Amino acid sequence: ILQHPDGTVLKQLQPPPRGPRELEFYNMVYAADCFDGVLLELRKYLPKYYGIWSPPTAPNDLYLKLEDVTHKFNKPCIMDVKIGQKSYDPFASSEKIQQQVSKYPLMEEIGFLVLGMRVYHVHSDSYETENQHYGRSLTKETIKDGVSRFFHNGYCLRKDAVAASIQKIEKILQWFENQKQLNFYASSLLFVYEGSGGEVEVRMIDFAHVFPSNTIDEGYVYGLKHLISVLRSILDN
């Protein structure tokens, strides 16, 4: 992710077929002539999309120009959570299924995976960062405390940010409860709160494996609900 001079970011297209599929998704959702109510509502939960972008001298080098969802924050605390029971898509080969499940074999049970976090600490005026191996090490026994860490600043557990996150996720859940046209695999939620009350951003990202469907995205719904349940239990701390 590159931070373009505008309060925007540039996300470089992943290699094919993943990057092209993500481009296609953003193009479908943000089509100027789109009046599908489902897709118009979905726009609220994505970064705003400004189209494909390439450097002036490098039309080969493809990016998505996207809203910087952290722009309104001073000291943003950011967590990326992959959502769903399966991180492989409906056309994955046996090898690919195994590759994806082996990255985190608890995906079916938990329904989400923390990809990373960056937490501002007041006491030290510095960031603690957790990488991909952090969330991949979390089990049913440790997922609550693992998620809790995101909301620990210098002095307190940020239950305000926890409650706001639940409230924002519930709107996304409601969108999923009311559509049967898209299924999302290996997609994520980006959580942002202010680390420097109740002010949170939750946006859906990572759309290289979104497929047309005729069913409720049940794995995504499972994950959102379990994530809501974990966050809710954290409010009892």
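Each form is matched to the other, and the largest set of C-alpha atoms that superpose within 1.5 Å is called the rigid core. So that there is no doubt, residue numbering starts at 1 and follows the sequence shown.
With 47-55 and 171-179 as candidates, the stretch whose CA atoms show the greater average offset from this form in 8 other deposited structures of this protein after a core fit is 171-179. When the other structures are laid on the shown form by the core, the C-alphas of 140-148 and 156-164 differ in how far they drift in 8 other deposited structures of this protein; the larger average drift belongs to 156-164. Going from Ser196 to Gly197, the model skips 4 to 9 deposited residues, which lack coordinates. Higher mean CA temperature factor between 165-173 and 47-55: 47-55, per the PDB entry.
Higher mean CA temperature factor, per the PDB entry, when comparing 146-154 with 82-90: 146-154. Per the deposited record, the Cα B-factor of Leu182 falls in the middle third when ranked against the other modelled residues of its chain. Ranked within its chain, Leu231 lands in the lowest third, by CA B factor from the PDB record. In this PDB entry, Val38 carries a Cα temperature factor that places it within the highest third of its chain's modelled residues. For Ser102, the recorded CA B-factor ranks within the middle third of the chain. Only modelled residues enter the ranking. Looking at the C-alpha B-factors along this chain, the one for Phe73 belongs to the middle third.
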